[PDB]
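Mind the numbering: the sequence shown is residues 7 to 145 in the entry's author numbering, read in order.
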Amino acid sequence: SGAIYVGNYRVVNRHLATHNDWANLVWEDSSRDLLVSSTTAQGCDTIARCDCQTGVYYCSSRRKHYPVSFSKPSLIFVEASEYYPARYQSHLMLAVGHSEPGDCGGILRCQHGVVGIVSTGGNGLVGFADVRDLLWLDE
Ligand SMILES: NC(=O)[C@H]1CCCN(C(=O)Cc2ccc(F)c(F)c2Br)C1
Ligand SMILES: [Zn+2]
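Structure, rendered in structure tokens:
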């Protein structure tokens, strides 16, 4: 689990969004596994607007942060799960690192701010949903 709180927005994995997230919906995209809802309190996070390919992410299954080298946001095949049919997920960045079910929502950050959140994993890989192109989160 996990979320990004920026301005008056909360960014979460679409498959983990709550009844409250859907009742306060701003935008969602099933092909990206993202959902953004509105908040009454001002957020704690700031968003990176960069092309970094290295960063540090939080891994809840190890209660630890790990450094990673990750690919540019791209279209990647994701096998069927109880949350989605087999499909191509867009704006996804892969890296070698630990992840297991429960790790979605962990934040990836570079020196410029928040880059994205854990969205996929397995086999010694971890996938992050990029949020750097969502310029409206800042305004
Ligand atoms: N973005 C998706 O389609 C997600 C939806 C939930 C299910 N997805 C997973 O990847 C679950 C998973 C499996 C094995 C792992 F080792 C792991 F870390 C994770 Br997270 C795809
Ligand atoms: Zn950066």
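Heads up, the beta-carbon is just placed ideally off N, CA and C, and yes, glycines get one too.
Judged by their CB atoms, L143 and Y63 are not nearer to each other than the 7 Å cut-off. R138 and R20 do not touch by the CB rule: their CB atoms are close to 18 Å apart, not below 8 Å. In this structure, ligand 1 has a non-hydrogen atom nearer than 6 Å to the beta-carbon of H21.
One residue after another in chain order, those with a Cβ under 6 Å from a heavy atom of ligand 2 are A54, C56, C58, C116, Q117, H118. Buried is the label assigned to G122, since at least 16 other Cβ atoms lie within 10 Å of its Cβ. Under a 10 Å Cβ-count criterion, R38 is classified as buried, with 16 or more other Cβ atoms of the shown protein chains found around its own Cβ.
Here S67 has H104, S105, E106, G108, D109 as same chain residues with Cβ atoms under 8 Å from its own Cβ, once five neighbours each way along the sequence are excluded. The alpha carbon of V102 has as its nearest neighbour, out of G8, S80, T45, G128, the alpha carbon of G128.
Rounded to the nearest angstrom, the gap between the Cα atoms of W28 and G13 is 18 Å. Take the alpha-carbon of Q59 and the one of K78: they are about 7 Å apart. Residue state for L22 is assigned as helix, using DSSP reduced to three classes.
Looking at the backbone, the Cα of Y94 and that of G61 are separated by about 24 Å.
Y15 counts as buried, since at least 16 other C-beta atoms from the protein chains shown sit within 10 angstroms of its C-beta.
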